[PDB]
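Summary of structural features
One letter stands for each residue in the lines below.
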Amino acid sequence: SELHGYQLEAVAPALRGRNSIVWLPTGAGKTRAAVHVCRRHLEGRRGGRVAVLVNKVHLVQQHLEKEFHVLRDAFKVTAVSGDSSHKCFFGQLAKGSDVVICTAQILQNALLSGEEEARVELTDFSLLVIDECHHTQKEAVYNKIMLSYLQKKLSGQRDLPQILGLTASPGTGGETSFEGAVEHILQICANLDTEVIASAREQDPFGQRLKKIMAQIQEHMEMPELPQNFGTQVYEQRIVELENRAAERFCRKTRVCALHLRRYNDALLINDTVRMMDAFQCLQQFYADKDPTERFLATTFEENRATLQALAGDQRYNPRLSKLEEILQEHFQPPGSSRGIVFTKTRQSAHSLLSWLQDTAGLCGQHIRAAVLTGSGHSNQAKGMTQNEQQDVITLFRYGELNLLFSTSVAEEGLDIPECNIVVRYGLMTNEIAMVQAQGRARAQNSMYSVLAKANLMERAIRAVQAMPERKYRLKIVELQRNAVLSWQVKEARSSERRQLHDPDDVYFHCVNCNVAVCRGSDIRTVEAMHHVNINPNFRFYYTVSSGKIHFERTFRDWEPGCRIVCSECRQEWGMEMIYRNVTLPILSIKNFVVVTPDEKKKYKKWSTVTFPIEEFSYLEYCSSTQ
RNA sequence: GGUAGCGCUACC
RNA sequence: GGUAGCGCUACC
Ligand SMILES: [Zn+2]
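Residues numbered from 1 in each chain as written, not as in the entry; some residues may be left out. Chains lettered and ligands numbered in written order. Heavy atoms only, no water. Residues with missing side-chain atoms left out of burial classes, pairs and counts.

Per the deposited record, the coordinates in this entry were obtained by X-ray crystallography to a resolution of 3.58 Å.

So this is what it looks like as structure tokens:
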């Protein structure tokens, strides 16, 4: 498996010592080409060091076993990830090795760390290998690393590392023009300090009924200028926008009504994508888990519950599913020869369409074993899977145990399955990058491609940049570098201005649901510049410990996640605990509180935007004061 | 779970 | 530029 010609030509500018972006197609072999640059770099000098910056946890160990292990004959290589983080300090481990393969935020933490053993600098490395370098933009981690690289470069710093970008698609960044597509590429060159870009229904009475129920509730609200466009992204914005204002001002009738009206609008969007029965069970389980406001809204649903369940059972009113069933009936006979993936927008659509397959008479008979594949992220509406669960299902898919998937956009890019031969993009509305990447998952000879929906530049830009004059290129890039560093200082100063407005004691925290005051801003401390905990011992009266302890797949260095916590009076979710070494501490989520200040009452979503200074937590300080 | 990031759609 | 929804990701 010796290098090809195009690989050798692509790395040529990197070997001379220049900052480059190696643009090659997906799966051409950018990682093997990087290894050759790394060996040729480390062979050429002493005190040489490499940081390989991936952007996914799986890519740390993938690069090692597939590619970078070959370098171990001459040079020490070590892998650092999220899962194996808590054992050793990075500063020691990185300085002890010749090559360090890690997710970018590990290095960024090490670059900011206060502890001398965990500390690191940019000057400590002499070749950064930023894999998928096109992400180096805006306020991403990649870009914040490289933005410090530029701030130092422009202040007369020397011996900053060689930059080596790997990427398949630099992209446009939402630019359909030719003028804009070039300017986008010139910014990414300025971010990475790059010098040479190298390359080779008719009737819907279920839906119509749900709209009428929302009209009755908006009449009960008694308000003018409400939005009259039900079952839309505009309505879901406006109803939550009103719910946010109702929470800030504390208007109980408007706040409780707005939460329910969204649940009806969610059902309208669930009804549009998948079954009528899926839209019904969203509202069913909402009211089942449960003042005059909630009593009216409970009675409003109770009358329409029996009707909507009959309308959902009606087979006259989804044509999408009848179309989907005919594709599955045809292609999966013989029983389990084919191998398909069905792309959906939401996790709720993915989890619904699996249960549809199980509750259908025509498809049961053909041996189709299937499952759902989503991400590891999370929110209050929907939960996801994990990296361990995803990899089990991908294995069972690859070796023919399971032969169908209802996946989200998790696996549209990256997932290689040689035996796959079917793709069904179910009612999506994405760009042609997401379209062409989705088509490529079927790796088989005679690959099918269906686009199940309802009835009724970059390549030129890169070559234009590659063919620029050297003087014009260097004068443009130095302008864009000076721009971003000035934009950074303005944005950090502007953030510092808003942070120093009020005092900690002047700022009070209220419960988002019931508006009872609970604590002051002086009580709060940040643990690792992230977790905001109340150190006042009298705070423990206000929160109650609801459920058992939460379990993640990972372990941390200093602390571990305790039980959840809720409001003593109204049982609203506040956050969770932190069992920091030997002391419990209450973690707070800003989403579940209305922060009162001298000026205004606001419903903050981020802790970065708060208007009072918050000090760093000290374990030595808290133990001394409490004991 | 907590803190961020990005992409897509939608309105302002 | 602001916000919300959804999807993906990272660190802790
Ligand atoms: Zn409360």
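What follows deals with the domain arrangement of chain A. Domain annotation for chain A reports domain 1 (5–199), domain 2 (205–313) and domain 3 (504–626). Each of domain 1 and domain 2 has a C-alpha centre, and these two points are 49 Å apart. (Domains from an automatic or database assignment.)

On to the nonpolar core, then. Counting residues in hydrophobic clusters, the biggest one holds 52 residues, and the most contacted among them are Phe-206, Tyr-264 and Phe-406. A total of eight residues in this core trace back to one element, the largest contributor, which is helix α10 (residues 252–273). Dropping the residues within four chain positions of it, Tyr-264 is found in contact with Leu-210, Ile-213, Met-214, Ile-217, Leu-283, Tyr-287 and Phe-301. Of all hydrophobic cores here, the second largest spans 46 residues; its members include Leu-147, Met-458, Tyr-473 and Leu-480. (Core = buried A, V, L, I, M, F, W, Y, C linked by side-chain atoms within 4.5 Å. Buried < 20%, exposed > 50% of the residue type's maximum accessible area, 1.4 Å probe, protein only. Helix = DSSP H or I, 4+ residues; strand = E, 2+ residues; numbered from the N terminus. Contact = heavy atoms within 4.5 Å.)

Moving on, we get to empty space enclosed by the protein. Here the largest cavity is characterised by a volume of approximately 70 Å³. What lines the largest cavity is simply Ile-21, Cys-133, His-134, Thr-167, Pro-170, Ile-185, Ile-188, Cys-189, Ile-197 and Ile-462. It is helix α7 (residues 178–191) that contributes the most residues to the lining of the largest cavity, three residues altogether. In the lining of the largest cavity, the residues fall into eight nonpolar, two polar and no charged. One number sums up the size of the second largest cavity: a volume of about 40 Å³. For the second largest cavity, the full set of lining residues is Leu-324, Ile-327, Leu-328, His-331, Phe-332, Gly-340, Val-342, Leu-404, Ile-422 and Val-424. Among the secondary structure elements, those contributing two or more residues to the lining of the second largest cavity are α13 (319–331), β8 (340–343) and β11 (422–425). With four residues, the single largest contributor to the lining of the second largest cavity is α13. Taken together, the residues of the lining of the second largest cavity break down into eight nonpolar, two polar and no charged. (1 Å grid on protein atoms, 1.4 Å probe; cavity = no way out; pocket = protein on both sides within 12 Å on 5 of 7 lines; lining within 4 Å. Points joined across faces, edges and corners; volume = space filled by probe spheres on them. Nonpolar A, V, L, I, M, F, W, Y, C, P; charged D, E, K, R; others polar.)

Another point: a negative patch on the surface. A cluster of acidic residues, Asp-83, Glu-389, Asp-392 and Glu-553, forms a negative patch on the protein surface. Along the chain, the position of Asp-83 falls in the loop between β3 (77–80) and α4 (90–96). (Patch = residues over 30% accessible without salt bridge, like charges linked within 9 Å, V, L, I, M, F, W, Y side chains within 5 Å. Areas by Shrake-Rupley, 256 points an atom, 1.4 Å probe, with all protein chains shown as cover. Salt bridge = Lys/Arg side-chain N within 4 Å of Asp/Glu carboxyl O. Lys, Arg positive; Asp, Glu negative; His and termini not counted. Charge placed at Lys NZ, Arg CZ, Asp CG, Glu CD.)

Another point: the pairing of strand β13 (residues 517–520). Pairing analysis gives three bridges linking strand β12 (residues 508–511) to β13, with the strands arranged antiparallel. The partner of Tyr-508 across the bridge, within β13, is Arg-520. Taken together, β12 and the strand that follows it, β13, pair antiparallel across an intervening segment of five residues, in which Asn-515 is found at a positive phi of about 65 degrees. (Pairing = 2+ DSSP bridges.)

The geometry of two aromatic rings is summed up by the distance between their centres and the angle between their planes. Using the criterion set out here, one finds 16 aromatic pairs in the structure. Members of the aromatic cluster, connected to one another through ring pairs, are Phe-509, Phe-539, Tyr-542, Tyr-543, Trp-574, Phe-593, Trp-607 and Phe-612. A cation over an aromatic ring shows up here: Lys-290 above the ring of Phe-286, its NZ or CZ 3.9 Å from the ring centre. One cation-aromatic arrangement involves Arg-339 over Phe-397; the distance from NZ or CZ to the ring centre is 5.5 Å. (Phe/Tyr/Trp six-rings, centres within 6.5 Å; stacked < 30°, edge-to-face > 60°. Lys NZ or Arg CZ within 6 Å of the ring centre and 35° of its normal.)

Reading across from one edge, β14-β15-β19-β18-β17-β16 is the order of the six strands in this open sheet, with antiparallel pairing throughout. The strands lining the two open edges of the sheet, one partner per strand, are β14 (524–527) and β16 (543–549). For this sheet, the mean inter-axis angle between neighbouring strands, taken without regard to orientation, is 40 degrees. (Axes fitted to C-alpha atoms, helices over the stretch in contact; angles between N-to-C directions.)

The next point concerns the pairing of strand β10 (residues 404–407). What you see with β10 is no split at all: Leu-404 and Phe-406 on one side and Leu-405 and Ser-407 on the other are buried throughout. For β8 and β10, the ladder comprises four bridges, and the chain directions are parallel. Residue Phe-343 lies in a different strand from β10, and its bridge partner there is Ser-407. With four bridges joining them, strand β9 (residues 370–373) and β10 adopt parallel strand pairing. Bridge pairing in β10 places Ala-371 opposite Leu-405.

The UniProt record annotates "binding site: ADP" (unreviewed entry) at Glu-2, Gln-7, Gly-27, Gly-29, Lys-30, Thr-31, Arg-32, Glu-67, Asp-416 and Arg-443. Within the secondary structure, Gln-7 sits in helix α1 (residues 5–15). With relative accessibility at 3%, the residue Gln-7 sits in the buried group. Residues within four places of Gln-7 in sequence aside, it is in contact with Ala-28, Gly-29, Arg-32 and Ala-33. Structurally, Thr-31 can be placed in helix α2 (residues 30–43). Residue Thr-31 is classed as buried on the basis of its relative accessible area of 18%. Among all residues touching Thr-31, those that are not within four sequence positions of it are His-63, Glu-67 and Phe-68. (UniProt positions renumbered as here; feature names shortened; annotations may be inferred.)

What follows concerns the pattern of salt bridges. Applying the stated criterion across every chain yields a total of 27 salt bridges. Among the ionic pairs, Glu-67 bridges to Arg-32, the shortest N-O distance being 3.3 Å. Remark: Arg-32 occurs in helix α2 and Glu-67 occurs in the loop between α3 (58–66) and β3; sequence separation between them is 35 residues. Judged by its relative accessible area of 15%, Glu-67 falls in the buried class. A relative accessible area of 36% means that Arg-32 is categorised as partly exposed.

Let us now look at unusual backbone geometry. In this structure, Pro-334 follows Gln-333 across a cis peptide bond, with omega equal to 10 degrees. Tracing the chain through its elements places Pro-334 in the loop between α13 and β8. In this structure, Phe-250 is a non-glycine residue whose phi angle is positive, near 65 degrees. With respect to the helices and strands, the residue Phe-250 is situated in the loop between α9 (233–249) and α10. Of note, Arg-581 is a non-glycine position whose phi angle comes to about 55 degrees, a positive value. Within the secondary structure, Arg-581 sits in the loop between β18 (573–580) and β19 (583–588).

What follows deals with the protein's contact with RNA strand C. Near RNA strand C lie 34 residues; those nearest to it are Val-57, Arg-347, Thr-408, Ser-409 and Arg-554. One nitrogen or oxygen atom from the side chain of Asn-109 is found 3.2 Å from a sugar or linking oxygen belonging to RNA strand C. Elements that contribute at least two residues to the surface near RNA strand C include exactly α5 (104–112), α9 and α15 (387–398). Per-element tally for the surface near RNA strand C: the top contributor is α9, with five residues. Across the surface near RNA strand C, the residue classes break down as seven nonpolar, 19 polar and eight charged. (Near = heavy atom within 4 Å. Polar contact = N/O pair within 3.5 Å; in protein donor to acceptor, adjacent residues only side chain to side chain.)

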